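Survey of secondary and tertiary structure
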Amino acid sequence: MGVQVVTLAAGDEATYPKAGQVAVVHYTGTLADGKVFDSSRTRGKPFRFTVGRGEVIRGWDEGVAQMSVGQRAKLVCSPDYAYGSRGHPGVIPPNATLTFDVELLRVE
């Protein structure tokens, strides 16, 4: 509830991030309509963070939490569990659902 994950490219399906551990994945902006947005891969630099900490949003937390290394899927979560609330002009809608494509690269 509030965050959904749709598998896109099956990966290892064996190695998953641990609660409190630092996981590295690639996030890509995308709207429910399909409109593509700014992505991290665009700069050839994956985003890493501690799954469970307060540095990321609830969406990514659960999303990546249920993700596997080398696995790619879409992360469609609500603004209540992300930064969609405030958002920005030409970047993020006013408290609107968002779908960020997350791709696990490795876990640490």
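Residues numbered from 1 in each chain as written, not as in the entry; some residues may be left out. Heavy atoms only, no water.

Method of structure determination, per the deposited record: solution NMR was used for this entry.

1. Focus on the pairing of strand β2 (residues 22–30)
Of all the nine residues making up β2, seven are buried; the element is thus mostly covered by neighbouring parts of the structure. As judged from the four bridges shared by β2 and strand β4 (residues 47–50), these two strands associate in the antiparallel manner. Directly across from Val 24, in β4, lies its bridge partner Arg 48. Direction of pairing for β2 relative to strand β6 (residues 98–107): antiparallel, over a ladder of six bridges. Residue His 26 lies in a different strand from β6, and its bridge partner there is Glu 103. Both β2 and strand β3 (residues 36–39) contribute to a ladder of two bridges, which runs antiparallel. Residue pairing in the sheet places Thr 30 in a bridge with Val 36 of β3. Two successive antiparallel strands, β2 and β3, enclose a turn made up of five residues, where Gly 34 displays a positive phi of approximately 110 degrees. (Buried < 20%, exposed > 50% of the residue type's maximum accessible area, 1.4 Å probe, protein only. Helix = DSSP H or I, 4+ residues; strand = E, 2+ residues; numbered from the N terminus. Pairing = 2+ DSSP bridges.)

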